[PDB]
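Novice: One structure follows; several queries about it will come next.
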Amino acid sequence: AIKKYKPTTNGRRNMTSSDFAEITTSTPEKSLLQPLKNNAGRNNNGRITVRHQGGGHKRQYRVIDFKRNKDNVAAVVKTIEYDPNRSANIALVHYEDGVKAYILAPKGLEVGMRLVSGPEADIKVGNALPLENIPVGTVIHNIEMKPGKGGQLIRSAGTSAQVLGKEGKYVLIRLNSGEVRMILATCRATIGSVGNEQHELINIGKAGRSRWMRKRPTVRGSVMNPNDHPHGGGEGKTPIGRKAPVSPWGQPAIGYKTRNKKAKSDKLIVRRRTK
Amino acid sequence: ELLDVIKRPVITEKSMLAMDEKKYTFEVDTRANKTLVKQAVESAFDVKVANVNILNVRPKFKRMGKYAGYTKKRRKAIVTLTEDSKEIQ
Amino acid sequence: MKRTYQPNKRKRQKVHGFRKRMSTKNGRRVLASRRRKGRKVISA
RNA sequence: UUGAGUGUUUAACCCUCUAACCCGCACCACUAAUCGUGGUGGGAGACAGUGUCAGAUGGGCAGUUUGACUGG
RNA sequence: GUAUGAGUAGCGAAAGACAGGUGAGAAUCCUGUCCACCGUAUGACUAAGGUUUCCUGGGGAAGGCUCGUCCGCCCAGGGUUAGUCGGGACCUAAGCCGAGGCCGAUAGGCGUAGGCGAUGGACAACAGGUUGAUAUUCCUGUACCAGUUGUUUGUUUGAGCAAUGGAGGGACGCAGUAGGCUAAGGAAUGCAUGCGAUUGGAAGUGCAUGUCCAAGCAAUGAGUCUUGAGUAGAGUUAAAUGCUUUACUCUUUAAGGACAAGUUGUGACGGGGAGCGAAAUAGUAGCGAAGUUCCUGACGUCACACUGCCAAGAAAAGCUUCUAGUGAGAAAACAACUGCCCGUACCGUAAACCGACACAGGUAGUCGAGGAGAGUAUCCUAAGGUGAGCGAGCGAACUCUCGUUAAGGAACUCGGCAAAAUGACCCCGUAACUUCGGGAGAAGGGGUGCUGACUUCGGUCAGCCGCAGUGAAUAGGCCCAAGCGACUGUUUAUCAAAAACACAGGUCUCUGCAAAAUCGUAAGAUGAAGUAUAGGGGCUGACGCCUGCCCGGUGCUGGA
């Protein structure tokens, strides 16, 4: 649930947080962590290519199985854990050979289930199958877009897609955001929707907590000088003395579309709905 | 090369006191070992050696006649004996 | 009241020394222009 | 660069194929390797990318111009 | 090159005085005595940095804001000692370099294998003595680590050794209290000496001084952490008796296993120790008493051990196992031998570093005592350091820094600017308003020293003295109203700290992943080891109530 703080300081008045009640341990598996660095938005060359990033808390990377390739061997669920790198929770899983792995935690996963990962698997939450073998109207997450590469699509906290129909060598899916699309019928996905979903309702509360997450502050274009922004300059507060407010590099900012007009995937997109 | 290694003895007031505990001071070559000096001394006098000690000495700024520059570098080794003696004067 | 020059031995050799001047093509332009003038010290 | 077949209309157009071209897909060898090169599948395909020419748009950026008389 | 201003400004925070030495010459150098200053530092140790400034014997032309017999200055000689400390012959982070490679008018840009690179990991010695100048380096005593020589059975493997392979391990955040030990501190038992010449004191209750010790080895140990076994199977690229794991069965205050500050012996018939003190130039050589009890007690160490939280907290080698394995026969006794290169002086809250200066500035880390105190605050002091590189007189105007002031009390000035006033602890009390937390130390008042008695305990009663009892130093003035910005934060190094910027929250829009966006000719990158509850761009700016009318014009989107 969402936890509400009492207003004991001015920096506390309207903050909320997670209860962390689906999490069952706080000590990760040692053989599945690697280091990370916090690039802070800088390049190959040492230059800022993305503004407003840098300098929070240190993190170790957990390796996830986005492929789901170990078939005809059940895996038991041992823990539901905290990941610093994503917004979903994560599950430690014991295969019977004794391989260990991490997995994205779907909605309603209990410690103790036994998941299966092939074409003859059942339709239960957690199970992963090729899209050919999934009926019409099942809620789905963690979708491959190329055979054998790993799920890419429905991965963040509380998201889901749905199966609409089949044809020759393609399956129709309605994704999160409402776009309709085609995906190869030999790709995989796992049954369920992603888990921790109150995540959306958290109120950060003060300027220090979003500094703990690795975000640096943002200055508005219109309190700059005319050599920094197209919006800078003028005596006093000023309006947008232009048509169409723009980015620091020109490029209009309300309603102007920026995807590639000769995209090699415009064959597969039915019914653009939201971007 | 065992005969270019030892250069000469040091004869100062701090080194006369060492000759009374069976210790001898020599300016040795730069690029010489503790072990190489030990071999050379055992070869050139027929003694038995316990324990060479070794130091480096920095050059000194000097200034004679509106022309200044440094003296040489130096290497000083102090050789201790078990029981025998060398007579230098 | 902290002034600009704060001495350090490693930095002076790593930014201005002989090997740093030898590793670029413009460092060797510097070394040749100093040898052509008669400098007694061509590289820090 | 760039190939092949059918059909629909007055040449153009909608298509289908697979061998070029592409792959920030998988497995294999050089091999200590998430680079690279070869090999086999899969995907995509005469499209895309790249060269020469042409029409738009373009203070994002550049070089300049913005007269004289005059009880100042 | 030389004048004028002119023998004028200044001589860079601070306590000295006298006696005697030396000498051509002394306020300024030496020796003494008393006085004064710092003491969470102006004391002790060290990493940078400097680079001979360090010690001894001479000197006085220049440097030293005066002087100089003196010196961090000048001349001559001399000083730095390591198997164990810090670095290399060990490991890796960021970043850097990169055989082949990929890109590109040239020059060149990037990057794979593999390397370099500590500010981190790993890693065997202590206590005392000694010089004019070095000491975990020399010496004394007693150790430890890695090797070498000698004297004390089928390389199949049941001897031994064993991987560039399989595994285990190393291996990690912030806050908060509690416990245990030791360092450090205080007051009285033991010592040793000696009795006041200004009124008084031979002392169970009187003055001054002192009141202990290592590494290693052996014994144990305040305590802390962790369940353990059996069978049937997966697996671990070949093999494993090693490791991971699924299912079942017994087991749980238990048993087993692991780690542990310290303490007591030995080391030690040794060392140090108040003082005593020579044969000569020596407080010198040398000779030495005593080692107690009680109170207080560390964020030092056990130890990031335990608890709680969210923002979720390096890598690699040494190390330890298991086999695969070219593969006579090496285990452990004693003895005696071997063990390389670089640094090591001295300054280091400073006259030796950064500031052109012997400059009122700046400089990482450890140690940092007593009384009264919560304290590293405050005042006075201990161990230690210092009297600060121009002086002697006088005691005018004026300028600066300080102390006091009759009567009045903001009449001053742009403005109570600047001063004065409040200030500690204990007790009583305390409004409107409010987001229910606050407002609040609201406001306003009272107590405080010393002796005796009782003290249930914490205090209360009786008495005494002064103008005054937190008798010094240190420590909120408050109240009633209105504008701006919710708030903590940030800003014009060097005339502007704010009503400006940011902010949590709102809303519009772009983006289906080789994402949009940005660096770049490209290769390659960030975004992101992310995937629409995600990432970019514009405006507004907690929270409460709300956010009207217009699509003609201009942009944007869709059309045909």
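In the structure tokens, chains take letters A, B, ... by order of appearance, with residues numbered from 1 within each chain and ligands from 1 in the order shown.
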Excluding range 252-259 of chain A and any residue of its chain fewer than 6 positions from it, enumerate the residues within 7 Å of it, using only C-alpha atoms (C1' of nucleotides), and give them as a PDB file with C-alpha atoms (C1' of nucleotides), in the first residue's frame.

Specialist:
ATOM      1  CA  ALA A 244       5.473  27.717 -31.667  1.00  0.00           C
ATOM      2  CA  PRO A 245       7.712  27.495 -28.579  1.00  0.00           C
ATOM      3  CA  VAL A 246      10.951  25.619 -29.371  1.00  0.00           C
TER       4      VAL A 246
ATOM      5  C1'   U E 509       3.243  17.607 -26.463  1.00  0.00           C
ATOM      6  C1'   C E 510       6.960  14.046 -28.792  1.00  0.00           C
ATOM      7  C1'   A E 516      12.701  10.200 -30.000  1.00  0.00           C
ATOM      8  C1'   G E 537      11.080  19.115 -24.838  1.00  0.00           C
ATOM      9  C1'   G E 538       7.801  23.871 -23.456  1.00  0.00           C
ATOM     10  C1'   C E 556       0.674  22.750 -35.792  1.00  0.00           C
TER      11        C E 556
END

Novice: Extract, using only C-alpha atoms (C1' of nucleotides), all DNA, RNA and protein residues at most 9 Å from residue 11 in chain E, discarding same-chain residues fewer than 5 positions from it, and format them as a PyMOL selection string.

Specialist: chain E and resi 65-66+390

Novice: Taking only C-alpha atoms (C1' of nucleotides) into account, find every residue of chain B that has an atom no more than 8 Å from chain E, and write it out as an MDAnalysis selection string.

Specialist: chainID B and resid 12 33:34 53:55 60 78

Novice: Identify all residues of range 19-268 of chain A in strand (DSSP E or B) (DSSP on the backbone) and supply them as an MDAnalysis selection string.

Specialist: chainID A and resid 33:34 42 48 53 61:62 75:81 90:95 100:104 106 114:115 128:130 139:141 144 151 161:166 170:174 180:184 188:191 194 215 246:247 250:252

Novice: Between A:89, A:26, A:186, A:227, which is the closest to chain E once you count only C-alpha atoms (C1' of nucleotides)?

Specialist: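 For chain E, the nearest of the candidates is A:26.
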
Novice: Nearest to chain E among A:190, A:79, A:24, A:196, with distances taken over only C-alpha atoms (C1' of nucleotides): which residue is it?

Specialist: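 Closest candidate: A:196.
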
Novice: Give as number ranges by chain every residue of chain E that touches chain A within 7 Å, counting only C-alpha atoms (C1' of nucleotides).

Specialist: E: 234-235, 244-246, 311-314, 437, 487, 502-504, 509-511, 516, 518-519, 525-527, 531-533, 537-538, 555-556

Novice: Go ahead and compute the interatomic distance for CA of residue 21 in chain A and CA of residue 110 in chain A, in Å to one decimal.

Specialist: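 Between CA of residue 21 in chain A and CA of residue 110 in chain A the gap works out to 12.6 Å.
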
Novice: Report the residues of chain C whose backbone DSSP state falls under alpha helix (DSSP H), written as JSON, numbers by chain.

Specialist: {"C": [9, 10, 11, 12, 13, 14, 15, 16, 18, 19, 20, 21, 22, 25, 26, 27, 28, 29, 30, 31, 32, 33, 34, 35]}

Novice: Restrict the selected residues to N, CA, C and O atoms and save them as a compact mmCIF listing (two decimals), in the first residue's frame.

Specialist:
# COMPACT_ATOMS: atom_id res chain seq x y z
N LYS C 9 54.29 17.30 -7.89
CA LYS C 9 55.37 16.70 -8.69
C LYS C 9 54.86 15.81 -9.81
O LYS C 9 55.43 15.81 -10.90
N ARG C 10 53.82 15.02 -9.55
CA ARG C 10 53.33 14.09 -10.56
C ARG C 10 52.65 14.84 -11.70
O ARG C 10 52.85 14.52 -12.87
N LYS C 11 51.84 15.85 -11.37
CA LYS C 11 51.09 16.56 -12.40
C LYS C 11 52.02 17.28 -13.36
O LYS C 11 51.78 17.27 -14.58
N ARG C 12 53.06 17.92 -12.85
CA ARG C 12 53.98 18.64 -13.70
C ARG C 12 54.66 17.71 -14.71
O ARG C 12 54.89 18.10 -15.85
N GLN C 13 54.98 16.48 -14.31
CA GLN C 13 55.57 15.54 -15.25
C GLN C 13 54.55 14.96 -16.20
O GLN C 13 54.89 14.64 -17.35
N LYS C 14 53.30 14.82 -15.77
CA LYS C 14 52.29 14.18 -16.59
C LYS C 14 51.66 15.10 -17.61
O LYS C 14 51.13 14.61 -18.60
N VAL C 15 51.72 16.41 -17.40
CA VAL C 15 51.09 17.35 -18.32
C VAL C 15 52.14 18.01 -19.20
O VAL C 15 51.86 18.35 -20.35
N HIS C 16 53.37 18.16 -18.71
CA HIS C 16 54.38 18.96 -19.38
C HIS C 16 55.68 18.23 -19.69
O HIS C 16 56.61 18.87 -20.18
N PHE C 18 58.55 15.01 -20.87
CA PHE C 18 59.13 14.61 -22.15
C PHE C 18 58.26 13.61 -22.88
O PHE C 18 58.07 13.73 -24.09
N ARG C 19 57.69 12.63 -22.17
CA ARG C 19 56.94 11.58 -22.84
C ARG C 19 55.58 12.08 -23.34
O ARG C 19 55.13 11.67 -24.42
N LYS C 20 54.95 13.00 -22.61
CA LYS C 20 53.73 13.63 -23.08
C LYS C 20 53.97 14.46 -24.33
O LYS C 20 53.13 14.50 -25.24
N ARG C 21 55.11 15.15 -24.40
CA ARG C 21 55.45 15.89 -25.61
C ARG C 21 55.81 14.96 -26.76
O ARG C 21 55.64 15.31 -27.92
N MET C 22 56.32 13.76 -26.47
CA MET C 22 56.66 12.83 -27.53
C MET C 22 55.47 12.09 -28.09
O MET C 22 55.53 11.64 -29.23
N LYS C 25 51.74 14.61 -32.24
CA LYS C 25 52.44 15.17 -33.39
C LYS C 25 52.74 16.65 -33.21
O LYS C 25 53.69 17.15 -33.82
N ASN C 26 51.97 17.36 -32.40
CA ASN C 26 52.22 18.77 -32.12
C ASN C 26 53.19 18.98 -30.96
O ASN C 26 53.88 20.01 -30.91
N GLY C 27 53.28 18.01 -30.05
CA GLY C 27 54.34 18.03 -29.06
C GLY C 27 55.73 18.03 -29.68
O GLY C 27 56.65 18.67 -29.16
N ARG C 28 55.90 17.33 -30.79
CA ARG C 28 57.20 17.26 -31.44
C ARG C 28 57.51 18.51 -32.23
O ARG C 28 58.68 18.87 -32.39
N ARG C 29 56.47 19.20 -32.71
CA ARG C 29 56.64 20.56 -33.19
C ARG C 29 57.18 21.47 -32.09
O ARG C 29 58.07 22.29 -32.34
N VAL C 30 56.66 21.33 -30.87
CA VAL C 30 57.18 22.14 -29.76
C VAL C 30 58.65 21.80 -29.49
O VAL C 30 59.49 22.69 -29.30
N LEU C 31 58.97 20.51 -29.41
CA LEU C 31 60.34 20.11 -29.08
C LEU C 31 61.32 20.55 -30.15
O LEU C 31 62.45 20.93 -29.84
N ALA C 32 60.92 20.50 -31.42
CA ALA C 32 61.80 20.96 -32.49
C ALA C 32 61.95 22.47 -32.48
O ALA C 32 63.04 22.99 -32.74
N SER C 33 60.89 23.21 -32.15
CA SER C 33 61.03 24.65 -32.09
C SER C 33 61.89 25.08 -30.91
O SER C 33 62.57 26.10 -30.98
N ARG C 34 61.89 24.30 -29.83
CA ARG C 34 62.80 24.62 -28.74
C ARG C 34 64.25 24.23 -29.07
O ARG C 34 65.17 25.00 -28.78
N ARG C 35 64.49 23.07 -29.71
CA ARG C 35 65.86 22.75 -30.09
C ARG C 35 66.42 23.74 -31.09
O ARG C 35 67.62 24.00 -31.10

Novice: Have a look at D:22, D:28, D:69, D:8 and name the one nearest to residue 43 in chain D; count only C-alpha atoms (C1' of nucleotides).

Specialist: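 The answer is D:22, which sits nearest to residue 43 in chain D.
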